[PDB]
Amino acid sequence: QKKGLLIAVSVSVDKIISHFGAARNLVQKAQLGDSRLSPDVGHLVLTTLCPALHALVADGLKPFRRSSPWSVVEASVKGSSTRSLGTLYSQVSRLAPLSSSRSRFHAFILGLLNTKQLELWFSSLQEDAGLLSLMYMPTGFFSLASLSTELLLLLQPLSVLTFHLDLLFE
């Protein structure tokens, strides 16, 4: 049941990896990761990975005022995060055209891909015991996470792909 959430992530990563497979060198692989040069990569990330990751973070989230995956990304910005992660959070939090918690979380995922910190950020969620207790019910994926080991392995391949996704791609 929790592995179901992992499946959606895995299916998305394999599509993204397959997207880059069209390139025969690193320069061409970088072209395929740039949302201005290859909009299809932005489309893929926003419609497959972002929703899968959103559902994962939303799972077992204590509903309340309303808490969202964006709320999680907020309480994550630390003694439990890094300077670069906090810098990305701030950049995304100040993206004026974005008008919802969902759009902000999506843009945060775009930023993690660009900075190759996706695994890092999810790893950091597991280190904050206070956050997990504060934000999640006991039946939540991150309360039960092993699942965390598996999640991080699924996310790894994306860290060696060079992305240049416009944070305002939505």
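All residue numbers are counted from 1 along the displayed sequence.
K.L.:
If I compare the deposited sequence with the modelled residues, how many are absent between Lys78 and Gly79: none, 1 to 3, 4 to 9, or 10 or more?
P.N.:
Count of unmodelled residues in between: 1 to 3.
K.L.:
Tell me which stretch has the larger mean Cα B-factor in this entry, 92 to 100 or 79 to 87.
P.N.:
The entry gives the higher C-alpha B-factor average to 79 to 87.
K.L.:
Test of understanding: from the entry's C-alpha B-factors, which stretch has the higher mean, 107 to 115 or 66 to 74?
P.N.:
According to the entry, 66 to 74 carries the higher average C-alpha B-factor.
K.L.:
Tell me which of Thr139, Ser133, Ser123, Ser35 tops the list for C-alpha B factor in the record.
P.N.:
Of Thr139, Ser133, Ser123, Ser35, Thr139 has the highest C-alpha B-factor.
K.L.:
Looking at the C-alpha B-factor of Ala8, is it in the lowest, middle or highest third of its chain?
P.N.:
Its C-alpha B-factor, which the entry lists for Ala8, ranks in the middle third among residues of this chain.
K.L.:
Considering every modelled residue of the chain and its Cα B-factor in the PDB entry, is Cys50 in the lowest, middle or highest third?
P.N.:
Answer is lowest: the recorded C-alpha B-factor places it there.
K.L.:
Grab the CA temperature factor for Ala145 from the record and place it in the lowest, middle or highest third of its chain.
P.N.:
According to the entry, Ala145 has a C-alpha B-factor in the chain's highest third.
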